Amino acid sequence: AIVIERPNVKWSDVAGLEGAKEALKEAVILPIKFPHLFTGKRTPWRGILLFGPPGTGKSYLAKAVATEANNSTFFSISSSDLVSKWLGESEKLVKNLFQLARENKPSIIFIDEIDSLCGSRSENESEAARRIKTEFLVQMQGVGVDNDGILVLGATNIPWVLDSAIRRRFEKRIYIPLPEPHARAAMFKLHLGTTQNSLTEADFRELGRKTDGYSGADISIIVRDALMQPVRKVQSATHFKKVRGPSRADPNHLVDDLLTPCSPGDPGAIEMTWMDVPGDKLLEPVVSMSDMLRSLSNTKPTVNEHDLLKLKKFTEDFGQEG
């Protein structure tokens, strides 16, 4: 129904976003560290809008905030895109979400795709869409239950869809950009993980330098695709070559007659397919830089210039508290 976490994500487990982490520390940690700065006519900011182009992992960042905000508990629901068979009326969920947060202070509420609460673009909505909107607004404002110790972080890729009434409840609005080259280099290395490969550190630097405007989501697609190359190469080899190479079990031990895919005519190129290679004999190649480049060349960034401009427009013609 409603997701409950106790994240242990640290600031530094979020690649790049130096500027945004600064803004969050100031919007969220500072009032917590020094609540006396925010009394009388001042108050912390109950609502923080995380906005920017897709694929930057806003949620992941939100969990970092949860973690550093005194190990707050992280609660979420996700507003909904393509699914119709679904969660129709719907209203008491908002209520239950805010209540559970109130009971588990300190806590953070995270609402993804908070825009798809405005209900719909060129649809009605207009039924429970109304009932929900006021519900949400009711919990943001506060009944007699104060929401001291609850933070609301809403995430959206399309802040202009956002209904003016929702927006105004978000007093802090923090832009999350596509990643910078060093940060992309770091995400490639990450996503690869401990998948055996032969990329040098220069290769990763290179992959960084070459992905201006790719999102972390983008990079993941490129990597997943690259990961599938040993298998692809193995299933379409028409020939294999006897070679000696390391045991899968113990790299101290060299096995003497592994079989490895190779191009049709070659020193020792025996003709056979994977259906004739014994389980214990296959030696697949490892993920290579040319593998990564191939995926890269087959994948375009998701976000274009018209998108990023449409987002600048919002930052301008609203600012914070607009």
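A residue's number is simply how far along the shown sequence it sits, counting from 1.
With 124-132 and 219-227 compared on mean CA B-factor from the PDB entry, the stretch scoring higher is 124-132. In this entry, 139-147 shows the higher mean Cα temperature factor of the pair 99-107 and 139-147. Sorting 71, 198, 211, 79 by the CA temperature factor given in the entry leaves 79 at the top. Each of 92, 233, 184, 244 has a CA temperature factor in the record; the biggest one is found at 92. Among the modelled residues of its chain, residue 86 has a C-alpha B-factor that falls in the highest third, as given in the PDB entry. Sorting the modelled residues of the chain by their CA temperature factor places residue 269 in the highest third. Residue 172 sits in the middle third of its chain by CA B factor, as recorded in the PDB entry.
In this PDB entry, residue 24 carries a Cα temperature factor that places it within the lowest third of its chain's modelled residues.
In this PDB entry, the Cα temperature factor of residue 159 sits in the middle third of its chain's modelled residues.
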